[PDB]
Structures are given as C-alpha cells and as structure tokens.
Number of protein chains: 2
Amino acid sequence: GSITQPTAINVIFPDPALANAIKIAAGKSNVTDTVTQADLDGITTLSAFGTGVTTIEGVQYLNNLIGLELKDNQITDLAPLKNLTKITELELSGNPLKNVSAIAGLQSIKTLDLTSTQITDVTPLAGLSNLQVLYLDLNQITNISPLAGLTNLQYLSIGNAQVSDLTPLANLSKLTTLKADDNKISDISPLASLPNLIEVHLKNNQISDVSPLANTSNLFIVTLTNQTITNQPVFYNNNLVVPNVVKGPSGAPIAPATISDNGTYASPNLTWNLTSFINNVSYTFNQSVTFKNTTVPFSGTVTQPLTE
Amino acid sequence: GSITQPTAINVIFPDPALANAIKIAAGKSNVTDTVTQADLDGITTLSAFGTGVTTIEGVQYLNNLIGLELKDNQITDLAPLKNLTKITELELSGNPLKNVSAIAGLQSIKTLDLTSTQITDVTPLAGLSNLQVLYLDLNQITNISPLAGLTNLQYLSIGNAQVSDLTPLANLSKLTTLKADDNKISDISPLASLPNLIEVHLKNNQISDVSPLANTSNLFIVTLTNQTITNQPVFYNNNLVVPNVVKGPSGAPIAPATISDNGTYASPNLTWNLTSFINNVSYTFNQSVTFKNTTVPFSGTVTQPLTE
C-alpha cells in the first residue's frame, strides 16, 4: 500500500535508529515530523552502519530505494524488502540473518554484501541474474552451485567459508576479481575457463596444481601461499614410492623444499625407506612460479597418510 | 608482408630468447626449424617474462596474436607491433621503453601493463578506446589527461607516479578499481562522479577531504592512511587562527589527534599563541571514518607554513 496521509516518521519506522536515518534522509529535524508518500518516494539511499537497528519495518514504503546499507546491526527479518524493485545495492554485512530467502525475487540487485550473516545456503541468490558484485565472506557456506547462473558476476568474494568445488564458477566469464582465501579448495581446474580474471586470492586452501591459471592472460594478482594438502592413503611398506601431486604453472611437478623422515625426491616421485610404521610422511614446497604475466610464491605442505 | 616460404624461426626472430619462445609456441624442437606463415598465424599468445629479450623483431608476422607478455626484459623498440590488429593484452612491464608512441593505433588492446617502463607521457593511449585494464605504476607521469576518453576503463593502477589532478577520471563511469597510492593527489572531488567504484587505494597522498567518496554506493575497500598535507602560507602573528582543512565523509572537520606548539582546537579552527617566529606549525589526525558501506582509518599530517 502507500502512506495515505502525512504520518510521523517514527510511526512508519518503529526502529528508533532507522527512524533517525529516515529523518535525515528526508530532511526533517525530528523523528516525530510527518512525511508524505512523496517524501518517502524521494529517498534513494538509506544508510545506518553500526546504529543498533533491529527492524527494517517501514522500508516497504521506499518505492524508489536504490541502496540500503545496514552493516553491523541486529536485523533478522527481511520481509520489508520483498516488494522493492529499484534496489541495486544491498549491504547487510554483520546481521544475524540466518537465511536470505526473502531476497530471491529482488532481481534488480547488482551489488550484495552478505558477509558474516550466519547464512549457509545461497539458493535464494540463483535468480539474481543482474548480480555483478557479491560478498559471501565469513559464512558456513559449503556449496556455491546456485551461483552458476550469475553470468554478470564480475567481483566474487567468498573468503573464510567452506567452499571446495569451484565448478559453479566455470561459466562466469565476466569474473575479474575472485577472493577465496581460507576455504577448502583443492582443485582449481574450473578457473581455466575464466579468461578475464585479474585478481585471484587462494591463500590457505588445499591446492596442489596451479596449472589451470597458466593461460589466464588478464591475470595480475594471484595469492597461493600456505596450502595444506592431504593425499589419499597408501600402504605402508619399506620401499615407499609416492608421486608428487604438487604442480607448477607448466604442469611439471614442483620439487619439495623439505621432506620428512629422511625421504628423497626424483621427479616425479618421493621415496622413503621406512622400517617402522608411522601415521604418515610429509613434505613442504615453496617456489616462485611464473604465470602469463607475473611471478608469485606457491607454498604449502603435503601430508601422505599411510595404511597398515 | 608475409613469410613466403618456410623459414627458420631464428631467421625471422633474431632475438635468441624470443626465438625459443616462438619455437615452443609453434611446437617445434629447435630454433633452427622452419616455420610457415600458417604456423605463425596459429600463434595467439607469446610469453617470455625475465628471459633477456632485447628485440621483438619478427612479431610483425604474428597476424593472429592476441596476447604478448614480455615483462622484465630490455626491449626499447616497439615498431614491430605497429600493424598488429588482434592484440588485446599487452604486458611490457619493466622494459626501458621511454615512450609508447608506437602503440597509439593499436585499438584492439583491452589490457595494458606499462608498469616501470620509463615513460612520462600517456598521450599515445588516448585512442585506445577499448582499454579496460591499465597499469601505469612506477613511471614519472604527472598528467593523466589523455585517459579522459577511455570510457571502457574498469581497472586503473597508477601507484607510485606523480599524479595530482584526477579530473580526467570524471567520466570513466565503468571504473571499479582505482589504485593510486603514493602520488601527489590533494583533491579527490572528481571521484564523486564514479558510481561503480569498489576499491580505491589512496594511501600516502595529500588528501584532506574524503567527502567525495561519501555517496559511492559500491565502495568496499578504501585506503587513506598517511596523507601529507601542506597548506598555503599564512601570516605569522601572536593570535594565530587557522581553519582545519581536514574533513571526514560527512564533510565536517576531523578533530586533530595532536597539535604542535601547544596549540588548541575549536572546530573549525586551530589556534596557536606564538611569541617567536617559526617556519611553521602542524598537527596530526587519525580517525575511523564511515563511508556508505564500511569504515576505515583516515590519517595524516597537516603542515601550516608561516610568513614573516
């Protein structure tokens, strides 16, 4: 519906912090001042970072709202957004949302920040086909399949989540910045089909082979340190020979920097001469590698579990 | 012209490092092996970072070349590129180019890295209307006027140059990433017209007023520490009253953190009670400021020269 007659700001917006934000946005001097629907239709952005907002009740009257920035509040219910149709930027970082089902029909959205919103499922984003910038950092998200159809995506941040499978990114051809530090990524093969990638952050994952990025011609920033690789188990025995899964941009194996248990290397295999059973063996690597444009450090630890 | 008959790679490419790069790109086993024009027309990328290339003679036969990546070489002459028409990515970082007049007609180029190329003038880029990604870091460039017509620009890096005037960026509406640390930027007013800016790096400039970024709704990363501000001179006298030029995102003055010479502050003015002539007075500031989406540190030093 609409605001029929002039009504006090803080009657339409029950949240006292939000009401003061509306008061300022409307150019009024007191939250008790009346506003009309005209007034409300003149509000295109509403911002209230760190102001203790608990409810967005009222925002359903901001027909012309383009940007809503409510970072680090206590918002739990996004129903008031359901019928908004001009919103292109939505910043809800640091709110205890738990789910974002309510934003599924908001197709106008181009930029969306859901960092630290206690969400696990991004199914509701599958239909946000106009998305260009997306933050999902600091959420226990394990599956990004619903992003696969986001073909306008240009900037994707998913740091500090639980992502492994990057196959959903394969057709996101406009991607230029991918931030995915501290996840569970082991295979980056899907990145090969992203020819515009400029910046890729993959520190602290489980990546052994960086050759999928060797042909990315727009690639200028790439972080690859501190990978933690765990191999599938092999049998313990005296003459232990294990292929080295760590590959550089050319696809050739990377020589280990250190090897546990007095082991040796002869590309492509590590060899250990063991006489007693141990849970595992391991090695480290740290080498400058060279991609299409530049060179950076690639490092990590490989653990090889052993079976008796 | 064209290669008429099969000719040895290292007869077409006199540079021995480049010849070996062509040998690999062509799938041959020796730089003396012949190639045909067909062979050459099948080469779409050529890369030779850190290989001591001194000449790109021969590349004029790579009609279908899309990407040329020659970072950290000793190349001085870019004439061989003049008639290439499919090149979209050109990486010439760390070559003693001195000028880039030769690339002016290369309108196909979308991504160009000229970091550390000893250049001073970017007039030759004015016609590269398809440019989306540009690096000019680590060049004594003082004027970026020739960039003004680069309306497809999305990613601009100009760190460690001598840039002051950002007016040329005003109409670059597609800009999303601007990297401009360590320049001579004092006024960032032109940034107000860039509504898509996501990342802006402005550490170590001379910026006093950050209010031009207050309405940038897509802005998520902004660096603003260590500004070095020098005011225009004022007269020395006993009762010295000086308006505070340092403004936060709202446009209101930022209270100083420290003030020289036992001075005091009453917004908007610093006051010093001096009895002897000194070259100048100064103050520091360091405050968390809040933009549309997030909050970051804004800090620096202001020096006020005094006249007798």
# chains A, B, ... in the order shown; residues from 1 in each chain; ligands from 1
>>> select_by_dssp(residues="region 30-121 of chain B", states="alpha helix (DSSP H)", output="PyMOL selection string")
chain B and resi 37-41
>>> closest_atom_pairs(of="chain A", to="chain B", cutoff="8 Å", atoms="only C-alpha atoms", output="CSV")
residue,atom,partner,partner_atom,distance
A:47,CA,B:292,CA,6.5
A:49,CA,B:293,CA,7.3
A:67,CA,B:217,CA,6.8
A:69,CA,B:293,CA,5.8
A:70,CA,B:293,CA,7.7
A:71,CA,B:293,CA,6.9
A:89,CA,B:217,CA,6.9
A:91,CA,B:293,CA,6.7
A:111,CA,B:218,CA,6.9
A:217,CA,B:67,CA,6.8
A:218,CA,B:111,CA,6.9
A:292,CA,B:47,CA,6.5
A:293,CA,B:69,CA,5.8
A:294,CA,B:71,CA,7.4
>>> write_last_selection(atoms="N, CA and C atoms", output="PDB file, in the first residue's frame")
ATOM      1  N   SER A  47      21.263   4.615   4.874  1.00  0.00           N
ATOM      2  CA  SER A  47      22.462   4.026   5.447  1.00  0.00           C
ATOM      3  C   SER A  47      22.468   4.136   6.971  1.00  0.00           C
ATOM      4  N   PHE A  49      25.014   2.136   9.319  1.00  0.00           N
ATOM      5  CA  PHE A  49      26.063   1.226   9.786  1.00  0.00           C
ATOM      6  C   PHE A  49      26.159   1.369  11.306  1.00  0.00           C
ATOM      7  N   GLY A  67      19.712   2.052  -2.789  1.00  0.00           N
ATOM      8  CA  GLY A  67      20.775   1.487  -1.946  1.00  0.00           C
ATOM      9  C   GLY A  67      20.394   1.443  -0.492  1.00  0.00           C
ATOM     10  N   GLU A  69      22.128   0.369   3.138  1.00  0.00           N
ATOM     11  CA  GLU A  69      23.399  -0.031   3.731  1.00  0.00           C
ATOM     12  C   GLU A  69      23.245  -0.090   5.209  1.00  0.00           C
ATOM     13  N   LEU A  70      23.193  -1.329   5.743  1.00  0.00           N
ATOM     14  CA  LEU A  70      22.868  -1.586   7.128  1.00  0.00           C
ATOM     15  C   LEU A  70      23.876  -2.555   7.824  1.00  0.00           C
ATOM     16  N   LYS A  71      25.124  -2.358   7.546  1.00  0.00           N
ATOM     17  CA  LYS A  71      26.165  -3.174   8.094  1.00  0.00           C
ATOM     18  C   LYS A  71      26.280  -3.129   9.607  1.00  0.00           C
ATOM     19  N   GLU A  89      21.784  -2.004  -4.679  1.00  0.00           N
ATOM     20  CA  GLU A  89      22.897  -2.256  -3.763  1.00  0.00           C
ATOM     21  C   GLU A  89      22.327  -2.547  -2.431  1.00  0.00           C
ATOM     22  N   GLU A  91      23.547  -3.969   1.349  1.00  0.00           N
ATOM     23  CA  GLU A  91      24.686  -4.192   2.294  1.00  0.00           C
ATOM     24  C   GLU A  91      24.094  -4.626   3.625  1.00  0.00           C
ATOM     25  N   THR A 111      24.646  -5.430  -6.540  1.00  0.00           N
ATOM     26  CA  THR A 111      25.762  -5.483  -5.559  1.00  0.00           C
ATOM     27  C   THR A 111      25.182  -5.893  -4.270  1.00  0.00           C
ATOM     28  N   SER A 217      45.256 -14.733 -19.452  1.00  0.00           N
ATOM     29  CA  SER A 217      46.050 -13.616 -19.986  1.00  0.00           C
ATOM     30  C   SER A 217      45.815 -12.301 -19.272  1.00  0.00           C
ATOM     31  N   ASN A 218      44.718 -12.139 -18.497  1.00  0.00           N
ATOM     32  CA  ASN A 218      44.495 -10.877 -17.779  1.00  0.00           C
ATOM     33  C   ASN A 218      44.864 -10.953 -16.323  1.00  0.00           C
ATOM     34  N   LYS A 292      51.187 -16.221 -16.867  1.00  0.00           N
ATOM     35  CA  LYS A 292      51.242 -15.496 -18.126  1.00  0.00           C
ATOM     36  C   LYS A 292      51.893 -14.140 -17.962  1.00  0.00           C
ATOM     37  N   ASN A 293      51.538 -13.382 -16.953  1.00  0.00           N
ATOM     38  CA  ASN A 293      52.045 -12.035 -16.821  1.00  0.00           C
ATOM     39  C   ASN A 293      53.113 -11.912 -15.824  1.00  0.00           C
ATOM     40  N   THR A 294      52.860 -12.381 -14.597  1.00  0.00           N
ATOM     41  CA  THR A 294      53.812 -12.264 -13.482  1.00  0.00           C
ATOM     42  C   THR A 294      54.181 -13.547 -12.709  1.00  0.00           C
TER      43      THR A 294
END
>>> residues_around(residues="residue 243 (chain B)", least_positions_apart="3", cutoff="9 Å", atoms="only C-alpha atoms", output="compact mmCIF listing (two decimals) with N, CA and C atoms, in the first residue's frame")
# COMPACT_ATOMS: atom_id res chain seq x y z
N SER B 267 36.57 23.46 16.72
CA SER B 267 36.06 23.31 15.36
C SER B 267 35.35 24.59 14.88
N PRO B 268 35.72 25.13 13.72
CA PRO B 268 36.67 24.56 12.76
C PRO B 268 38.11 25.03 12.79
N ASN B 269 38.54 25.70 13.85
CA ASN B 269 39.83 26.33 13.88
C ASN B 269 40.85 25.81 14.92
N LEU B 270 42.08 25.74 14.45
CA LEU B 270 43.21 25.56 15.36
C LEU B 270 43.63 26.98 15.77
N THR B 271 44.10 27.12 17.01
CA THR B 271 44.65 28.35 17.49
C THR B 271 46.00 28.09 18.18
>>> residues_around(residues="residue 36 (chain B)", least_positions_apart="6", cutoff="8 Å", atoms="only C-alpha atoms", output="count of residues only")
5
>>> residues_around(residues="residue 280 (chain A)", least_positions_apart="6", cutoff="7 Å", atoms="only C-alpha atoms", output="MDAnalysis selection string")
chainID A and resid 303:306
>>> residues_around(residues="residue 156 (chain A)", least_positions_apart="6", cutoff="7 Å", atoms="only C-alpha atoms", output="ChimeraX atom specification")
/A:133-135,177-179
>>> write_last_selection(atoms="N, CA, C and O atoms", output="PDB file, in the first residue's frame")
ATOM      1  N   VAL A 133      28.542  -7.812  -8.228  1.00  0.00           N
ATOM      2  CA  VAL A 133      29.464  -7.825  -7.061  1.00  0.00           C
ATOM      3  C   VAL A 133      28.786  -8.587  -5.912  1.00  0.00           C
ATOM      4  O   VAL A 133      27.702  -8.170  -5.415  1.00  0.00           O
ATOM      5  N   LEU A 134      29.455  -9.603  -5.384  1.00  0.00           N
ATOM      6  CA  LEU A 134      28.873 -10.417  -4.331  1.00  0.00           C
ATOM      7  C   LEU A 134      29.924 -10.759  -3.267  1.00  0.00           C
ATOM      8  O   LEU A 134      30.968 -11.274  -3.597  1.00  0.00           O
ATOM      9  N   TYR A 135      29.547 -10.466  -2.039  1.00  0.00           N
ATOM     10  CA  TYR A 135      30.342 -10.883  -0.887  1.00  0.00           C
ATOM     11  C   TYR A 135      29.570 -11.938  -0.102  1.00  0.00           C
ATOM     12  O   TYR A 135      28.500 -11.669   0.416  1.00  0.00           O
ATOM     13  N   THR A 177      37.623 -10.393 -10.466  1.00  0.00           N
ATOM     14  CA  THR A 177      38.219 -10.485  -9.134  1.00  0.00           C
ATOM     15  C   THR A 177      37.553 -11.644  -8.391  1.00  0.00           C
ATOM     16  O   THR A 177      36.293 -11.726  -8.283  1.00  0.00           O
ATOM     17  N   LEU A 178      38.351 -12.612  -7.988  1.00  0.00           N
ATOM     18  CA  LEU A 178      37.892 -13.716  -7.158  1.00  0.00           C
ATOM     19  C   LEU A 178      38.679 -13.779  -5.886  1.00  0.00           C
ATOM     20  O   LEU A 178      39.859 -14.047  -5.915  1.00  0.00           O
ATOM     21  N   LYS A 179      38.004 -13.588  -4.758  1.00  0.00           N
ATOM     22  CA  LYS A 179      38.627 -13.654  -3.465  1.00  0.00           C
ATOM     23  C   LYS A 179      38.109 -14.883  -2.711  1.00  0.00           C
ATOM     24  O   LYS A 179      36.934 -14.987  -2.371  1.00  0.00           O
TER      25      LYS A 179
END
>>> atom_distance(atom1="CA of residue 286 (chain A)", atom2="CA of residue 202 (chain A)")
15.1 Å
>>> closest_residue(among="B:194, B:259, B:131, B:296", to="residue 225 (chain B)", atoms="only C-alpha atoms")
B:296
